[PDB]
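The chain below stands alone and is given as structure tokens, in the form whose entry title says "inactive form".
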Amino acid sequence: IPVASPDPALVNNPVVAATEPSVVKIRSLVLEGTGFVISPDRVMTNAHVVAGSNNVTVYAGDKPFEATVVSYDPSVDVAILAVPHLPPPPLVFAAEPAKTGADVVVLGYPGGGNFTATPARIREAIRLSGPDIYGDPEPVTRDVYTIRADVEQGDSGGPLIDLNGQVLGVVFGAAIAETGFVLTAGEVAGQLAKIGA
């Protein structure tokens, strides 16, 4: 779905500074990604960043914190880390769906470098379906937002936020088109239940 290009000024939106401390860098095994605080001392990230690792570090404002995988399943895109002594507060998920054309922001760590807010716009909420690959862990079907944005693998596990600073979903991929894929809040809810989070 064609939407207007994202608003470049979003990088300087006050929501970015307000949300930034709760968006953290993840280093595993070396696999790199983004996560965010979802409750005190608990970080959500992409399962593929931490899969099978007993050696995960979370970085919040340039300082390392030991992390332990506490909720994980190969059939699920998201994972939860326990992070003792993690100062930043949790982010809160938005109750209702984002709307077509809405200004939104991807927050994360492109290239494993510094924090960057990536301006974005909601294209559409869709049912993303693939072929049933026999025995393949990945879900066959996911509720996602397609967003107009130039996302990068370093943003994986990072939140898509609305302008209120609430979390609309989790970045997990990109079209093979200036189009990112984001798990919806409802999709995340269902996945969390699966892993006992």
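If you superpose the two forms and keep the largest set of C-alpha atoms that fall within 1.5 Å, you have the rigid core. Shifts are known only where both forms have a C-alpha. Residue numbers here begin at 1 and follow the sequence given.
Beyond the structure shown, there is the form whose entry title says "active form", which is absent from this document and is the topic of what follows.
J.: After superposing the two forms on their rigid core, pick out the one entry in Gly111, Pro74, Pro89, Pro84 with a CA shift of 2 Å or more between the shown form and the other one.
T.: Spelled out, the residue whose C-alpha shifts by 2 Å or more is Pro74.
J.: Does the C-alpha of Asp132 move 2 Å or more between the shown form and the other one once the rigid core is lined up?
T.: True for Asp132: a C-alpha shift of 2 Å or more.
J.: Superposing on the rigid core, is the Cα displacement of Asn54 between the shown form and the other one 2 Å or more?
T.: It does, since the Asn54 C-alpha is displaced 2 Å or more between the shown form and the other one after the core fit.
J.: Closer or farther: the CA pair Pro139/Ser156 in that other deposited form, versus this form, with a change of 3 Å or more?
T.: Compared with this form, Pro139 and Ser156 lie farther apart in that other deposited form.
J.: Since the Cα separation of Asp77 and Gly135 moves by 3 Å or more in that other deposited form, tell me which way: closer or farther than here.
T.: Pair moves closer in that other deposited form.
J.: After a core superposition, which runs of 3 or more consecutive residues shift by at least 2 Å in C-alpha position between the shown form and the other one?
T.: The runs that move are 51-54, 73-76, 130-135, 137-139, 190-197.
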